[PDB]
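Next up: just one chain, as structure tokens, the form deposited in one PDB entry.
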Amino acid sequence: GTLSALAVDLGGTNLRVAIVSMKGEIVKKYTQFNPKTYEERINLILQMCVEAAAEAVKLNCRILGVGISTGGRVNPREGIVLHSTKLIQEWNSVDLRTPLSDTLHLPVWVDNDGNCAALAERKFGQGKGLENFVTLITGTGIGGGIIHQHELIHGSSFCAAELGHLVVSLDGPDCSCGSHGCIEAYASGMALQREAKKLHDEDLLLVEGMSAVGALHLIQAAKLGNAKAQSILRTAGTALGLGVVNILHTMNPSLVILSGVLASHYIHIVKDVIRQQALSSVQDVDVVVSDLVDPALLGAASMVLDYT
């Protein structure tokens, strides 16, 4: 009965494991915090995979393999996480294929989470049938994935599409990658979470009709007329938009898909920045918000569904 993939997504905050059908339905999803150390992370990945596999049988899903989405630079051919920013600590030169395949007796695929988001958009989303498109995924950090001639660009050292580390300032705010001025350092969930705490420190966030502060408190305060939070979100969205201009002037994709919970909040500013600053010849670019609920996780599943 139902042909399915096991999908794993390891982000800067959450570790999720899901049973996903051929058709891109999430049958069941398990969620935990991503642990901070390697030993706990690998054990929890395995514990959650074994449990999902046992539930898949009770749900009458036939698991065909495991696909893993992860932050960090990844060698997909060897199923190895090569290097991670400190958003995921202790996550360097890690062979994920061997332990998962030995424990579960399944084939294992691995890729960067932004590259998985791209794979999801190509198979189940608005990238379907397109020769070239780019996706930018806002979560804790900002991920990217690039499709060119229908296929991912991985780069000569698996570092293509690290689009959160597009730099749009000569100075600008520090990034967790160790640089500064990265679009991630302006616009990611953790960057807005930081700015929200800053405001709230000076008691300058909460406004009439409001009450773990974070991004959505900043957005909710701007909608309700807070001038300094609007400004912060404008700077953030402008930075993201300039990151998008660089992509347009680099790859010139026909479509840019923004996903993650911040996507809806940024789209209108990104389109304004393109209009105001990009070359005329890229003005026909389509910029949309993703119609998928969890691109990374669906993308991890798509590696299994397409290549098994």
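Just count from 1 along the sequence shown to find any residue number. Rigid core: the largest C-alpha set superposing within 1.5 Å between the two forms.
Absent from the display: the form deposited in another entry. The rest refers to it.
In the overlay on the core between this form and the one not shown, a shift of 2 Å or more in CA position is seen for a single residue of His268, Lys58, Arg275, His249, which is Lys58. Superposed on the core, the two forms differ at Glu25: its CA moves 2 Å or more between this form and the one not shown. With the core held fixed, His150 shows a CA shift below 2 Å between this form and the one not shown. Relative to the superposed rigid core, the position of the CA of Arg234 differs between this form and the one not shown by less than 2 Å.
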